[PDB]
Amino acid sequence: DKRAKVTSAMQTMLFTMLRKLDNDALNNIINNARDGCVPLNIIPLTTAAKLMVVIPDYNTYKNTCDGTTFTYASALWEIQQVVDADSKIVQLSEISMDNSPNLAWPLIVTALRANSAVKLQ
């Protein structure tokens, strides 16, 4: 299957070019994707726009979330909701080292791109 060989070489060259660009946001989302943390909609660029992401396990949750803040694509995002693999609401208090085996992974985080400028305008 020559078309499949070419596809594989084209995909490998793509990620070689991406790494050569050495952009922090691109590196972040590629490195997250490698761990199973992938987006579900197109990553938006305007403030307060909605992002949904898959979080596959507790280790990746702790590597990306602190409090109600999700760090991704060189930006901060305010977590609005977390639901589990059966689409049931999960409170952040439930996501602990001890309790995570009780959860239906992966979790789906919905968050809004954070804004630091004149928040009460």
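Note that residue numbering follows the sequence shown and begins at 1.
- Higher mean CA temperature factor, per the PDB entry, when comparing 95 to 103 with 11 to 19: 95 to 103.
- Comparing 110 to 118 with 2 to 10, the stretch with the higher mean C-alpha B-factor in the PDB entry is 110 to 118.
- The PDB entry assigns its highest CA temperature factor, among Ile30, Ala85, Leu51, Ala75, to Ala85.
- Among all modelled residues in this chain, the alpha-carbon of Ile42 has a temperature factor (C-alpha) in the lowest third.
- Split the chain's modelled residues into thirds by C-alpha temperature factor. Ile79 is in the middle one.
- Per the PDB record, residue ranking by Cα B-factor puts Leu26 in the lowest third of the chain.
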